[PDB]
């Protein structure tokens, strides 16, 4: 995939928001715009992007085997590089140029943890996770864990998660 400007990425996401769907045992099921979250360097508002990252919120665990492996994009030329239930990397054609589109899935209960993970940047996550690891925790895209057991946090949004974990809330573009 070629590199994109921030505005090019935003235009691609805008286009994709009404055109994502998946095939579920022969039935085309549309993915709702409210369940599509821009993540990665695009959410961090970086001037150039290596690719476009979208997080898809899947409402039922049983649908994970169907969503990314049978992903459909109305009107758009694409091919699949690698694809499973949780990550699907596509090469898309946008105005005669090839760009990389990375799709990820989260369940509703994972959403704040997934948004936190997929926003990055990697350096920031490593720091946060190292600090939590010193206190016998493990943070990932699915939850907060201690002794391989989910720590049930009373939170909904990414902001609530970050503050509950004991860190300073920063907007995506100021996380470093």
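Numbering follows the first chain given and starts at 1.
TODO: For the higher mean C-alpha B factor in the entry, choose 54-62 or 146-154.
DONE: Taking the mean B-factor of the alpha carbons in each, 146-154 is higher.
- [ ] Could you check which stretch, 93-101 or 79-87, carries the larger mean CA temperature factor in the entry?
- [x] Of 79-87 and 93-101, the stretch with the higher C-alpha B-factor average is 93-101.
- [ ] Select one of 117, 44, 30, 133: the residue whose C-alpha shows the highest B-factor in the crystal structure entry.
- [x] Among 117, 44, 30, 133, the highest C-alpha B-factor in the entry belongs to 133.
Task: For residue 162, the third of its chain into which the C-alpha B factor falls - done: CA B-factor rank for residue 162: highest third.
Task: residue 37 - Cα temperature factor, lowest/middle/highest third of chain - done: Lowest third.
TODO: Would you mind checking where the Cα B-factor of residue 139 ranks among the modelled residues of its chain, as the lowest, middle or highest third?
DONE: Lowest third.
- [ ] Compare the C-alpha B factor of residue 48 with those of the other modelled residues in its chain, then answer lowest, middle or highest third.
- [x] Answer is highest: the recorded C-alpha B-factor places it there.
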